[PDB]
file structure20.cif (mmCIF, N, CA and C atoms and all ligand atoms)
data_coords
#
loop_
_atom_site.label_atom_id
_atom_site.label_comp_id
_atom_site.auth_asym_id
_atom_site.auth_seq_id
_atom_site.Cartn_x
_atom_site.Cartn_y
_atom_site.Cartn_z
N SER A 1 16.22 -40.52 -19.13
CA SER A 1 17.20 -41.48 -18.65
C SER A 1 17.35 -41.44 -17.11
N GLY A 2 17.84 -42.53 -16.53
CA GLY A 2 18.03 -42.61 -15.09
C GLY A 2 17.97 -44.02 -14.52
N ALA A 3 18.61 -44.22 -13.36
CA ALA A 3 18.62 -45.54 -12.73
C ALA A 3 18.59 -45.46 -11.20
N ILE A 4 18.20 -46.55 -10.54
CA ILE A 4 18.27 -46.68 -9.07
C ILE A 4 19.52 -47.55 -8.77
N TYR A 5 20.36 -47.15 -7.80
CA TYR A 5 21.53 -47.95 -7.42
C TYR A 5 21.41 -48.44 -5.97
N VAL A 6 20.93 -49.68 -5.77
CA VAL A 6 20.75 -50.23 -4.43
C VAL A 6 21.62 -51.46 -4.25
N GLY A 7 22.57 -51.39 -3.32
CA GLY A 7 23.52 -52.48 -3.08
C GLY A 7 24.34 -52.75 -4.32
N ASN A 8 24.36 -54.01 -4.79
CA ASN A 8 25.06 -54.33 -6.03
C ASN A 8 24.07 -54.53 -7.19
N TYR A 9 22.99 -53.74 -7.20
CA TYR A 9 21.97 -53.80 -8.24
C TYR A 9 21.78 -52.43 -8.90
N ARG A 10 21.46 -52.45 -10.18
CA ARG A 10 21.13 -51.27 -10.98
C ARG A 10 19.74 -51.55 -11.54
N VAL A 11 18.76 -50.69 -11.22
CA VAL A 11 17.38 -50.82 -11.69
C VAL A 11 17.13 -49.76 -12.76
N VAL A 12 16.77 -50.20 -13.96
CA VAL A 12 16.52 -49.29 -15.07
C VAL A 12 15.19 -49.66 -15.74
N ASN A 13 14.69 -48.78 -16.63
CA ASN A 13 13.55 -49.10 -17.48
C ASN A 13 14.05 -50.18 -18.45
N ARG A 14 13.31 -51.28 -18.57
CA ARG A 14 13.71 -52.38 -19.46
C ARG A 14 13.93 -51.91 -20.90
N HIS A 15 13.10 -50.96 -21.39
CA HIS A 15 13.23 -50.43 -22.75
C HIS A 15 14.48 -49.57 -22.97
N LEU A 16 15.13 -49.11 -21.89
CA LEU A 16 16.36 -48.33 -21.98
C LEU A 16 17.61 -49.15 -21.54
N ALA A 17 17.46 -50.44 -21.20
CA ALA A 17 18.60 -51.27 -20.78
C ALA A 17 19.67 -51.42 -21.90
N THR A 18 20.95 -51.36 -21.53
CA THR A 18 22.08 -51.47 -22.47
C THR A 18 22.48 -52.94 -22.73
N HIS A 19 23.50 -53.16 -23.61
CA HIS A 19 24.11 -54.43 -23.94
C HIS A 19 24.68 -55.05 -22.64
N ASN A 20 25.37 -54.24 -21.83
CA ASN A 20 26.00 -54.65 -20.56
C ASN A 20 24.99 -55.10 -19.52
N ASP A 21 23.78 -54.51 -19.54
CA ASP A 21 22.73 -54.86 -18.59
C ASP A 21 22.22 -56.28 -18.82
N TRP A 22 21.96 -56.66 -20.08
CA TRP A 22 21.45 -58.00 -20.40
C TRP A 22 22.45 -59.12 -20.09
N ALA A 23 23.73 -58.87 -20.33
CA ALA A 23 24.78 -59.83 -19.99
C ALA A 23 24.93 -59.97 -18.45
N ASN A 24 24.59 -58.92 -17.68
CA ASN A 24 24.69 -58.97 -16.23
C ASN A 24 23.30 -59.00 -15.57
N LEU A 25 22.32 -59.62 -16.24
CA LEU A 25 20.94 -59.71 -15.79
C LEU A 25 20.75 -60.46 -14.48
N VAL A 26 19.91 -59.90 -13.59
CA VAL A 26 19.48 -60.52 -12.35
C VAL A 26 17.98 -60.90 -12.51
N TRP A 27 17.16 -59.93 -12.99
CA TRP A 27 15.72 -60.11 -13.14
C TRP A 27 15.15 -59.08 -14.10
N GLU A 28 14.15 -59.46 -14.89
CA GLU A 28 13.46 -58.52 -15.77
C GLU A 28 12.00 -58.94 -15.94
N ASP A 29 11.11 -57.96 -16.17
CA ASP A 29 9.71 -58.25 -16.41
C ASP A 29 9.23 -57.22 -17.45
N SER A 30 8.99 -57.67 -18.70
CA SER A 30 8.53 -56.81 -19.79
C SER A 30 7.19 -56.14 -19.43
N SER A 31 6.30 -56.89 -18.75
CA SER A 31 5.00 -56.33 -18.38
C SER A 31 5.13 -55.16 -17.36
N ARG A 32 6.25 -55.05 -16.64
CA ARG A 32 6.47 -53.94 -15.70
C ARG A 32 7.46 -52.87 -16.23
N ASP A 33 8.03 -53.07 -17.44
CA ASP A 33 9.08 -52.20 -17.99
C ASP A 33 10.27 -52.07 -17.01
N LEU A 34 10.65 -53.15 -16.28
CA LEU A 34 11.82 -53.09 -15.38
C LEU A 34 12.86 -54.13 -15.76
N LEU A 35 14.11 -53.79 -15.49
CA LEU A 35 15.26 -54.67 -15.61
C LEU A 35 16.22 -54.35 -14.47
N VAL A 36 16.76 -55.39 -13.81
CA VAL A 36 17.75 -55.22 -12.75
C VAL A 36 19.02 -55.95 -13.17
N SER A 37 20.15 -55.23 -13.20
CA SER A 37 21.44 -55.85 -13.54
C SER A 37 22.41 -55.74 -12.35
N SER A 38 23.44 -56.60 -12.30
CA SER A 38 24.42 -56.58 -11.21
C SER A 38 25.47 -55.48 -11.43
N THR A 39 26.04 -54.94 -10.34
CA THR A 39 27.08 -53.90 -10.40
C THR A 39 28.31 -54.31 -9.59
N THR A 40 29.49 -53.76 -9.92
CA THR A 40 30.69 -54.06 -9.14
C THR A 40 30.78 -53.17 -7.89
N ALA A 41 30.37 -51.90 -8.01
CA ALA A 41 30.42 -50.97 -6.89
C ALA A 41 29.08 -50.87 -6.19
N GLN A 42 29.11 -50.73 -4.86
CA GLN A 42 27.89 -50.59 -4.08
C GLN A 42 27.22 -49.23 -4.28
N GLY A 43 25.90 -49.26 -4.39
CA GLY A 43 25.05 -48.09 -4.57
C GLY A 43 24.55 -47.56 -3.24
N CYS A 44 24.00 -46.34 -3.23
CA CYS A 44 23.58 -45.71 -1.98
C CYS A 44 22.08 -45.41 -1.87
N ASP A 45 21.25 -45.90 -2.80
CA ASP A 45 19.81 -45.65 -2.72
C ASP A 45 19.15 -46.63 -1.75
N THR A 46 18.12 -46.17 -1.04
CA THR A 46 17.33 -47.00 -0.13
C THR A 46 15.94 -47.17 -0.75
N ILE A 47 15.41 -48.39 -0.88
CA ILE A 47 14.07 -48.59 -1.44
C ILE A 47 13.04 -48.40 -0.31
N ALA A 48 11.96 -47.66 -0.57
CA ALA A 48 10.87 -47.47 0.39
C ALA A 48 10.10 -48.80 0.58
N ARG A 49 9.65 -49.09 1.81
CA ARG A 49 8.81 -50.26 2.09
C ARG A 49 7.61 -49.69 2.83
N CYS A 50 6.59 -49.28 2.05
CA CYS A 50 5.46 -48.50 2.57
C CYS A 50 4.27 -48.52 1.57
N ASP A 51 3.18 -47.79 1.93
CA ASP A 51 2.06 -47.61 1.01
C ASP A 51 1.78 -46.11 0.78
N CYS A 52 2.84 -45.25 0.84
CA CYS A 52 2.71 -43.80 0.57
C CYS A 52 2.06 -43.60 -0.81
N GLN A 53 1.18 -42.60 -0.92
CA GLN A 53 0.60 -42.21 -2.19
C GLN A 53 0.96 -40.73 -2.49
N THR A 54 1.94 -40.13 -1.75
CA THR A 54 2.46 -38.78 -1.99
C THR A 54 3.98 -38.86 -1.95
N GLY A 55 4.60 -38.07 -2.81
CA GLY A 55 6.04 -38.10 -2.97
C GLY A 55 6.51 -36.99 -3.88
N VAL A 56 7.76 -37.06 -4.31
CA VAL A 56 8.40 -36.05 -5.17
C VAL A 56 9.12 -36.80 -6.29
N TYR A 57 8.97 -36.34 -7.55
CA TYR A 57 9.66 -36.99 -8.67
C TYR A 57 10.52 -36.01 -9.44
N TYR A 58 11.57 -36.52 -10.09
CA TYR A 58 12.44 -35.68 -10.91
C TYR A 58 11.97 -35.67 -12.36
N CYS A 59 11.73 -34.48 -12.91
CA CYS A 59 11.29 -34.30 -14.30
C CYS A 59 12.44 -33.70 -15.11
N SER A 60 13.18 -34.53 -15.88
CA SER A 60 14.31 -34.01 -16.65
C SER A 60 13.94 -32.97 -17.71
N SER A 61 12.76 -33.07 -18.32
CA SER A 61 12.33 -32.10 -19.35
C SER A 61 11.99 -30.69 -18.80
N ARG A 62 11.92 -30.56 -17.48
CA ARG A 62 11.70 -29.29 -16.82
C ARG A 62 12.87 -28.91 -15.88
N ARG A 63 13.85 -29.83 -15.66
CA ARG A 63 14.97 -29.68 -14.70
C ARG A 63 14.39 -29.33 -13.32
N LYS A 64 13.31 -30.01 -12.91
CA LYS A 64 12.64 -29.68 -11.67
C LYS A 64 12.12 -30.91 -10.94
N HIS A 65 12.00 -30.82 -9.62
CA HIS A 65 11.43 -31.87 -8.80
C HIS A 65 10.01 -31.41 -8.48
N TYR A 66 9.00 -32.27 -8.68
CA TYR A 66 7.62 -31.87 -8.43
C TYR A 66 6.96 -32.74 -7.35
N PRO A 67 6.27 -32.13 -6.39
CA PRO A 67 5.50 -32.94 -5.43
C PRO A 67 4.23 -33.47 -6.14
N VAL A 68 3.90 -34.75 -5.93
CA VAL A 68 2.74 -35.37 -6.57
C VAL A 68 1.98 -36.33 -5.64
N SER A 69 0.68 -36.53 -5.98
CA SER A 69 -0.18 -37.57 -5.41
C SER A 69 -0.22 -38.63 -6.51
N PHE A 70 -0.10 -39.89 -6.15
CA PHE A 70 -0.07 -40.95 -7.14
C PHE A 70 -0.93 -42.13 -6.76
N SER A 71 -1.45 -42.86 -7.77
CA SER A 71 -2.34 -43.99 -7.56
C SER A 71 -1.61 -45.23 -7.05
N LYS A 72 -2.36 -46.22 -6.54
CA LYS A 72 -1.76 -47.47 -6.09
C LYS A 72 -1.29 -48.32 -7.31
N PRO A 73 -0.20 -49.11 -7.19
CA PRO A 73 0.27 -49.94 -8.34
C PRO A 73 -0.84 -50.79 -8.95
N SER A 74 -1.03 -50.65 -10.27
CA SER A 74 -2.16 -51.27 -10.98
C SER A 74 -1.81 -51.74 -12.40
N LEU A 75 -2.74 -52.48 -13.04
CA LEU A 75 -2.56 -52.93 -14.42
C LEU A 75 -3.23 -51.84 -15.27
N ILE A 76 -2.44 -51.08 -16.03
CA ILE A 76 -2.91 -49.93 -16.82
C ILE A 76 -2.59 -50.10 -18.29
N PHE A 77 -3.56 -49.79 -19.18
CA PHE A 77 -3.33 -49.88 -20.62
C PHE A 77 -2.35 -48.82 -21.08
N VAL A 78 -1.35 -49.24 -21.85
CA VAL A 78 -0.33 -48.33 -22.36
C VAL A 78 -0.30 -48.46 -23.89
N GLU A 79 -0.53 -47.35 -24.58
CA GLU A 79 -0.55 -47.24 -26.04
C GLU A 79 0.73 -47.83 -26.67
N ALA A 80 0.63 -48.33 -27.91
CA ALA A 80 1.79 -48.87 -28.62
C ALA A 80 2.85 -47.78 -28.81
N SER A 81 4.13 -48.15 -28.75
CA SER A 81 5.25 -47.23 -28.96
C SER A 81 6.34 -47.93 -29.83
N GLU A 82 7.52 -47.30 -30.01
CA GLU A 82 8.61 -47.97 -30.73
C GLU A 82 9.24 -49.10 -29.86
N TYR A 83 8.92 -49.16 -28.55
CA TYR A 83 9.49 -50.14 -27.61
C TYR A 83 8.59 -51.33 -27.31
N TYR A 84 7.26 -51.12 -27.26
CA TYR A 84 6.33 -52.21 -26.97
C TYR A 84 5.08 -52.07 -27.82
N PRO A 85 4.42 -53.19 -28.17
CA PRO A 85 3.09 -53.07 -28.79
C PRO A 85 2.07 -52.59 -27.74
N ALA A 86 0.82 -52.29 -28.15
CA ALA A 86 -0.23 -51.88 -27.20
C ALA A 86 -0.44 -53.01 -26.19
N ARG A 87 -0.40 -52.69 -24.89
CA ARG A 87 -0.47 -53.73 -23.87
C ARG A 87 -0.88 -53.18 -22.50
N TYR A 88 -1.09 -54.08 -21.54
CA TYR A 88 -1.37 -53.83 -20.14
C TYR A 88 -0.02 -53.84 -19.38
N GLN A 89 0.38 -52.70 -18.77
CA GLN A 89 1.62 -52.67 -17.98
C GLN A 89 1.20 -52.81 -16.51
N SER A 90 1.81 -53.75 -15.79
CA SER A 90 1.48 -54.01 -14.38
C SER A 90 2.38 -53.21 -13.43
N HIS A 91 1.92 -53.06 -12.16
CA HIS A 91 2.64 -52.36 -11.10
C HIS A 91 2.90 -50.87 -11.48
N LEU A 92 2.00 -50.27 -12.26
CA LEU A 92 2.12 -48.89 -12.71
C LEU A 92 1.27 -47.95 -11.84
N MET A 93 1.80 -46.76 -11.54
CA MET A 93 1.12 -45.77 -10.71
C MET A 93 1.05 -44.46 -11.49
N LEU A 94 -0.11 -43.80 -11.56
CA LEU A 94 -0.23 -42.54 -12.30
C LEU A 94 -0.37 -41.35 -11.36
N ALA A 95 0.03 -40.19 -11.86
CA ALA A 95 -0.05 -38.90 -11.19
C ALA A 95 -0.31 -37.83 -12.26
N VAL A 96 -0.88 -36.71 -11.84
CA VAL A 96 -1.11 -35.57 -12.72
C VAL A 96 0.22 -34.79 -12.65
N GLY A 97 0.93 -34.74 -13.75
CA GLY A 97 2.23 -34.08 -13.81
C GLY A 97 2.81 -34.10 -15.21
N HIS A 98 3.83 -33.27 -15.44
CA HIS A 98 4.45 -33.22 -16.75
C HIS A 98 5.41 -34.39 -16.94
N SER A 99 5.37 -34.97 -18.12
CA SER A 99 6.27 -36.00 -18.56
C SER A 99 6.29 -35.96 -20.07
N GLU A 100 7.45 -36.24 -20.62
CA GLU A 100 7.71 -36.26 -22.04
C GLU A 100 8.61 -37.42 -22.34
N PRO A 101 8.66 -37.92 -23.61
CA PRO A 101 9.68 -38.92 -23.94
C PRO A 101 11.06 -38.30 -23.68
N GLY A 102 11.85 -39.00 -22.90
CA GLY A 102 13.14 -38.57 -22.40
C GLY A 102 13.16 -38.52 -20.87
N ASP A 103 11.96 -38.43 -20.25
CA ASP A 103 11.82 -38.36 -18.80
C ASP A 103 11.87 -39.73 -18.10
N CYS A 104 11.79 -40.87 -18.83
CA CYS A 104 11.84 -42.19 -18.14
C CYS A 104 13.14 -42.34 -17.35
N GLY A 105 13.10 -42.99 -16.19
CA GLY A 105 14.28 -43.16 -15.36
C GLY A 105 14.35 -42.20 -14.18
N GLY A 106 13.60 -41.08 -14.24
CA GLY A 106 13.53 -40.13 -13.13
C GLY A 106 12.97 -40.80 -11.88
N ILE A 107 13.59 -40.55 -10.72
CA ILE A 107 13.15 -41.20 -9.48
C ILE A 107 11.95 -40.51 -8.83
N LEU A 108 11.06 -41.35 -8.27
CA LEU A 108 9.95 -40.92 -7.44
C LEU A 108 10.32 -41.37 -6.01
N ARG A 109 10.32 -40.43 -5.07
CA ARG A 109 10.66 -40.74 -3.69
C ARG A 109 9.65 -40.22 -2.67
N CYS A 110 9.53 -40.93 -1.56
CA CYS A 110 8.69 -40.50 -0.46
C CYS A 110 9.64 -40.38 0.78
N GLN A 111 9.08 -40.17 1.99
CA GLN A 111 9.91 -40.08 3.19
C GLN A 111 10.67 -41.37 3.49
N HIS A 112 10.25 -42.53 2.95
CA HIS A 112 10.92 -43.79 3.25
C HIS A 112 12.03 -44.19 2.26
N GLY A 113 12.12 -43.50 1.14
CA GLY A 113 13.14 -43.79 0.14
C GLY A 113 12.58 -43.79 -1.26
N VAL A 114 13.21 -44.55 -2.14
CA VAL A 114 12.81 -44.69 -3.54
C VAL A 114 11.55 -45.52 -3.70
N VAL A 115 10.55 -44.95 -4.36
CA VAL A 115 9.29 -45.63 -4.61
C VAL A 115 9.31 -46.30 -6.00
N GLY A 116 9.87 -45.60 -6.98
CA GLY A 116 9.87 -46.11 -8.35
C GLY A 116 10.49 -45.16 -9.34
N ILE A 117 10.36 -45.47 -10.62
CA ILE A 117 10.97 -44.65 -11.68
C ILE A 117 9.94 -44.31 -12.74
N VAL A 118 10.06 -43.12 -13.38
CA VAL A 118 9.15 -42.73 -14.48
C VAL A 118 9.23 -43.79 -15.59
N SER A 119 8.08 -44.23 -16.09
CA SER A 119 8.02 -45.26 -17.11
C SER A 119 7.07 -44.87 -18.24
N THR A 120 6.00 -44.12 -17.95
CA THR A 120 5.03 -43.72 -18.97
C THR A 120 4.66 -42.21 -18.84
N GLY A 121 3.94 -41.69 -19.84
CA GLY A 121 3.48 -40.31 -19.79
C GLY A 121 2.31 -40.06 -20.71
N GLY A 122 1.48 -39.11 -20.34
CA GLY A 122 0.30 -38.77 -21.12
C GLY A 122 0.09 -37.28 -21.22
N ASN A 123 -1.11 -36.88 -21.67
CA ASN A 123 -1.44 -35.48 -21.73
C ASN A 123 -1.69 -35.02 -20.28
N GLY A 124 -0.64 -34.49 -19.67
CA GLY A 124 -0.71 -34.02 -18.29
C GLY A 124 -0.61 -35.12 -17.25
N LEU A 125 -0.25 -36.34 -17.65
CA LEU A 125 -0.08 -37.47 -16.73
C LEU A 125 1.36 -38.00 -16.76
N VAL A 126 1.79 -38.62 -15.67
CA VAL A 126 3.09 -39.27 -15.55
C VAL A 126 2.85 -40.62 -14.87
N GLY A 127 3.47 -41.68 -15.39
CA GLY A 127 3.34 -43.02 -14.83
C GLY A 127 4.67 -43.50 -14.28
N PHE A 128 4.65 -44.16 -13.10
CA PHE A 128 5.85 -44.63 -12.41
C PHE A 128 5.78 -46.15 -12.23
N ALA A 129 6.88 -46.85 -12.54
CA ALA A 129 6.96 -48.29 -12.32
C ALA A 129 7.34 -48.46 -10.85
N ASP A 130 6.48 -49.08 -10.05
CA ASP A 130 6.75 -49.29 -8.63
C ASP A 130 7.86 -50.31 -8.41
N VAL A 131 8.69 -50.09 -7.38
CA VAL A 131 9.72 -51.07 -7.02
C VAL A 131 9.61 -51.53 -5.55
N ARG A 132 8.62 -51.01 -4.79
CA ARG A 132 8.49 -51.30 -3.36
C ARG A 132 8.18 -52.77 -3.03
N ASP A 133 7.60 -53.54 -3.95
CA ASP A 133 7.34 -54.97 -3.70
C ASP A 133 8.58 -55.87 -3.95
N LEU A 134 9.67 -55.31 -4.50
CA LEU A 134 10.87 -56.09 -4.82
C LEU A 134 11.76 -56.16 -3.60
N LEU A 135 11.31 -56.94 -2.60
CA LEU A 135 11.97 -57.05 -1.30
C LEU A 135 13.39 -57.57 -1.39
N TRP A 136 13.66 -58.44 -2.37
CA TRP A 136 14.98 -59.02 -2.59
C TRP A 136 16.06 -57.99 -2.91
N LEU A 137 15.68 -56.77 -3.35
CA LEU A 137 16.63 -55.70 -3.64
C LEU A 137 17.46 -55.29 -2.42
N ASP A 138 16.94 -55.54 -1.20
CA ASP A 138 17.63 -55.22 0.05
C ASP A 138 18.65 -56.27 0.45
N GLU A 139 18.48 -57.53 0.01
CA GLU A 139 19.38 -58.60 0.41
C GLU A 139 20.25 -59.15 -0.72
N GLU A 140 21.46 -59.63 -0.37
CA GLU A 140 22.48 -60.23 -1.24
C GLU A 140 22.58 -59.56 -2.63
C1 LIG A 201 8.12 -40.39 -19.60
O1 LIG A 201 6.99 -40.11 -20.39
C2 LIG A 201 7.11 -40.66 -21.68
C3 LIG A 201 5.99 -40.19 -22.56
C4 LIG A 201 5.40 -38.95 -22.30
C5 LIG A 201 4.39 -38.45 -23.11
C6 LIG A 201 3.95 -39.19 -24.18
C7 LIG A 201 4.51 -40.43 -24.44
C8 LIG A 201 5.53 -40.94 -23.65
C9 LIG A 201 6.18 -42.25 -24.05
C10 LIG A 201 5.61 -43.44 -23.30
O2 LIG A 201 4.70 -43.31 -22.50
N1 LIG A 201 6.14 -44.65 -23.60
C11 LIG A 201 7.25 -44.87 -24.54
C12 LIG A 201 8.40 -45.58 -23.86
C13 LIG A 201 7.91 -46.88 -23.22
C14 LIG A 201 6.75 -46.62 -22.25
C15 LIG A 201 6.24 -47.92 -21.65
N2 LIG A 201 6.57 -48.14 -20.39
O3 LIG A 201 5.57 -48.72 -22.32
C16 LIG A 201 5.63 -45.88 -22.99
ZN ZN A 202 6.77 -44.07 1.89
#

call {"tool": "encode", "arguments": {"input": "structure20.cif", "output": "structure tokens"}}
result
Amino acid sequence: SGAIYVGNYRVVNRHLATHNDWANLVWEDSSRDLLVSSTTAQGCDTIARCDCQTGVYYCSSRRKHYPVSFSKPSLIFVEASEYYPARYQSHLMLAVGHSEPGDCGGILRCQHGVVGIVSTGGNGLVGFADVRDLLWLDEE
């Protein structure tokens, strides 16, 4: 579990979005596993605007932050689950690291701010949904 709080927006994994999130929807993309809902209180996260491929992510199943090297946002095949059928997830970045079901929502950050959130996991791999191209998150 986990979310990004930037301005009056809440960014979560689309598969973990609540009843309240859909009623307060701003934008969602099933192919990216992202949903953005509106908030009443202002958030304090800053989104990175960069092409960093190194950063640190929070792993809830280990209660630890791990430094990682990660791939550029890409269209990656993701096995069928209870949330989505087998499909191509876009804007996904992979790294060699621990991830388990329950770790989605953990933030990945670089020196410029928030890069993205944990969205997928494999045998020794972790996948992050990138948010750096969502320029509108900084305005209104
Ligand atoms: C955070 O790692 C989860 C994980 C680790 C290790 C094995 C399996 C998973 C679950 C998994 O990858 N998915 C289930 C939830 C929706 C995800 C999606 N974005 O399509 C895919
Ligand atoms: Zn950066």

call {"tool": "residues_near_point", "arguments": {"input": "structure20.cif", "point": "(-1.2, -43.6, -18.3)", "cutoff": "6 Å", "atoms": "only C-alpha atoms", "output": "short mmCIF file (atom, residue, chain, number, x, y, z; two decimals) with N, CA and C atoms, in the coordinates of the input"}}
result
data_model
loop_
_atom_site.label_atom_id
_atom_site.label_comp_id
_atom_site.auth_asym_id
_atom_site.auth_seq_id
_atom_site.Cartn_x
_atom_site.Cartn_y
_atom_site.Cartn_z
N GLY A 121 3.94 -41.69 -19.84
CA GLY A 121 3.48 -40.31 -19.79
C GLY A 121 2.31 -40.06 -20.71
N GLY A 122 1.48 -39.11 -20.34
CA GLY A 122 0.30 -38.77 -21.12
C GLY A 122 0.09 -37.28 -21.22
N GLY A 127 3.47 -41.68 -15.39
CA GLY A 127 3.34 -43.02 -14.83
C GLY A 127 4.67 -43.50 -14.28
#

call {"tool": "atom_distance", "arguments": {"input": "structure20.cif", "atom1": "atom CA of residue 28 of chain A", "atom2": "atom CA of residue 56 of chain A"}}
result
25.4 Å

call {"tool": "residues_near_ligand", "arguments": {"input": "structure20.cif", "ligand": "ligand ZN 202 (chain A)", "cutoff": "10 Å", "atoms": "only C-alpha atoms and all ligand atoms", "output": "VMD selection string"}}
result
chain A and resid 47 to 55 109 to 115 132

call {"tool": "write_last_selection", "arguments": {"input": "structure20.cif", "atoms": "N, CA and C atoms", "output": "CSV table (one decimal), keeping the file's coordinate frame"}}
result
chain,number,residue,atom,x,y,z
A,47,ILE,N,15.4,-48.4,-0.9
A,47,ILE,CA,14.1,-48.6,-1.4
A,47,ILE,C,13.0,-48.4,-0.3
A,48,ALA,N,12.0,-47.7,-0.6
A,48,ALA,CA,10.9,-47.5,0.4
A,48,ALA,C,10.1,-48.8,0.6
A,49,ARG,N,9.6,-49.1,1.8
A,49,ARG,CA,8.8,-50.3,2.1
A,49,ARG,C,7.6,-49.7,2.8
A,50,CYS,N,6.6,-49.3,2.0
A,50,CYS,CA,5.5,-48.5,2.6
A,50,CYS,C,4.3,-48.5,1.6
A,51,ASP,N,3.2,-47.8,1.9
A,51,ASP,CA,2.1,-47.6,1.0
A,51,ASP,C,1.8,-46.1,0.8
A,52,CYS,N,2.8,-45.2,0.8
A,52,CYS,CA,2.7,-43.8,0.6
A,52,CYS,C,2.1,-43.6,-0.8
A,53,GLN,N,1.2,-42.6,-0.9
A,53,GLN,CA,0.6,-42.2,-2.2
A,53,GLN,C,1.0,-40.7,-2.5
A,54,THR,N,1.9,-40.1,-1.8
A,54,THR,CA,2.5,-38.8,-2.0
A,54,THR,C,4.0,-38.9,-2.0
A,55,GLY,N,4.6,-38.1,-2.8
A,55,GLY,CA,6.0,-38.1,-3.0
A,55,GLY,C,6.5,-37.0,-3.9
A,109,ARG,N,10.3,-40.4,-5.1
A,109,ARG,CA,10.7,-40.7,-3.7
A,109,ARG,C,9.6,-40.2,-2.7
A,110,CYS,N,9.5,-40.9,-1.6
A,110,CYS,CA,8.7,-40.5,-0.5
A,110,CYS,C,9.6,-40.4,0.8
A,111,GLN,N,9.1,-40.2,2.0
A,111,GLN,CA,9.9,-40.1,3.2
A,111,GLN,C,10.7,-41.4,3.5
A,112,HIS,N,10.2,-42.5,3.0
A,112,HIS,CA,10.9,-43.8,3.2
A,112,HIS,C,12.0,-44.2,2.3
A,113,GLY,N,12.1,-43.5,1.1
A,113,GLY,CA,13.1,-43.8,0.1
A,113,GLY,C,12.6,-43.8,-1.3
A,114,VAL,N,13.2,-44.6,-2.1
A,114,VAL,CA,12.8,-44.7,-3.5
A,114,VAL,C,11.6,-45.5,-3.7
A,115,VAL,N,10.6,-45.0,-4.4
A,115,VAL,CA,9.3,-45.6,-4.6
A,115,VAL,C,9.3,-46.3,-6.0
A,132,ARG,N,8.6,-51.0,-4.8
A,132,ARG,CA,8.5,-51.3,-3.4
A,132,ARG,C,8.2,-52.8,-3.0

call {"tool": "select_by_dssp", "arguments": {"input": "structure20.cif", "residues": "segment 67-135 of chain A", "states": "strand (DSSP E)", "output": "MDAnalysis selection string"}}
result
chainID A and resid 67:69 74:78 87:96 107:110 113:121 125:130

call {"tool": "residues_around", "arguments": {"input": "structure20.cif", "residues": "residue 36 of chain A", "least_positions_apart": "6", "cutoff": "7 Å", "atoms": "all atoms listed in the file", "output": "ChimeraX atom specification"}}
result
/A:9-12,21,24-29

call {"tool": "atom_distance", "arguments": {"input": "structure20.cif", "atom1": "atom N of residue 59 of chain A", "atom2": "atom N of residue 135 of chain A"}}
result
24.7 Å

call {"tool": "residues_around", "arguments": {"input": "structure20.cif", "residues": "residue 7 of chain A", "least_positions_apart": "5", "cutoff": "6 Å", "atoms": "all atoms listed in the file", "output": "PyMOL selection string"}}
result
chain A and resi 41-45

call {"tool": "residues_near_ligand", "arguments": {"input": "structure20.cif", "ligand": "ligand LIG 201 (chain A)", "cutoff": "6.5 Å", "atoms": "all atoms listed in the file", "output": "compact mmCIF listing (two decimals) with N, CA and C atoms, in the coordinates of the input"}}
result
# COMPACT_ATOMS: atom_id res chain seq x y z
N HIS A 15 13.10 -50.96 -21.39
CA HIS A 15 13.23 -50.43 -22.75
C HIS A 15 14.48 -49.57 -22.97
N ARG A 32 6.25 -55.05 -16.64
CA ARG A 32 6.47 -53.94 -15.70
C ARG A 32 7.46 -52.87 -16.23
N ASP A 33 8.03 -53.07 -17.44
CA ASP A 33 9.08 -52.20 -17.99
C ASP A 33 10.27 -52.07 -17.01
N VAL A 78 -1.35 -49.24 -21.85
CA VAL A 78 -0.33 -48.33 -22.36
C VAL A 78 -0.30 -48.46 -23.89
N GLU A 79 -0.53 -47.35 -24.58
CA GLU A 79 -0.55 -47.24 -26.04
C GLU A 79 0.73 -47.83 -26.67
N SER A 81 4.13 -48.15 -28.75
CA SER A 81 5.25 -47.23 -28.96
C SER A 81 6.34 -47.93 -29.83
N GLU A 82 7.52 -47.30 -30.01
CA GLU A 82 8.61 -47.97 -30.73
C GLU A 82 9.24 -49.10 -29.86
N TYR A 83 8.92 -49.16 -28.55
CA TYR A 83 9.49 -50.14 -27.61
C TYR A 83 8.59 -51.33 -27.31
N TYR A 84 7.26 -51.12 -27.26
CA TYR A 84 6.33 -52.21 -26.97
C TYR A 84 5.08 -52.07 -27.82
N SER A 99 5.37 -34.97 -18.12
CA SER A 99 6.27 -36.00 -18.56
C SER A 99 6.29 -35.96 -20.07
N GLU A 100 7.45 -36.24 -20.62
CA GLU A 100 7.71 -36.26 -22.04
C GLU A 100 8.61 -37.42 -22.34
N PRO A 101 8.66 -37.92 -23.61
CA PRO A 101 9.68 -38.92 -23.94
C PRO A 101 11.06 -38.30 -23.68
N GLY A 102 11.85 -39.00 -22.90
CA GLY A 102 13.14 -38.57 -22.40
C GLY A 102 13.16 -38.52 -20.87
N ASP A 103 11.96 -38.43 -20.25
CA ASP A 103 11.82 -38.36 -18.80
C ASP A 103 11.87 -39.73 -18.10
N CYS A 104 11.79 -40.87 -18.83
CA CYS A 104 11.84 -42.19 -18.14
C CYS A 104 13.14 -42.34 -17.35
N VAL A 118 10.06 -43.12 -13.38
CA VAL A 118 9.15 -42.73 -14.48
C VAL A 118 9.23 -43.79 -15.59
N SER A 119 8.08 -44.23 -16.09
CA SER A 119 8.02 -45.26 -17.11
C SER A 119 7.07 -44.87 -18.24
N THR A 120 6.00 -44.12 -17.95
CA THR A 120 5.03 -43.72 -18.97
C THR A 120 4.66 -42.21 -18.84
N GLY A 121 3.94 -41.69 -19.84
CA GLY A 121 3.48 -40.31 -19.79
C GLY A 121 2.31 -40.06 -20.71
N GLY A 122 1.48 -39.11 -20.34
CA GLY A 122 0.30 -38.77 -21.12
C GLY A 122 0.09 -37.28 -21.22
N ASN A 123 -1.11 -36.88 -21.67
CA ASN A 123 -1.44 -35.48 -21.73
C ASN A 123 -1.69 -35.02 -20.28
N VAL A 126 1.79 -38.62 -15.67
CA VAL A 126 3.09 -39.27 -15.55
C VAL A 126 2.85 -40.62 -14.87
N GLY A 127 3.47 -41.68 -15.39
CA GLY A 127 3.34 -43.02 -14.83
C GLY A 127 4.67 -43.50 -14.28
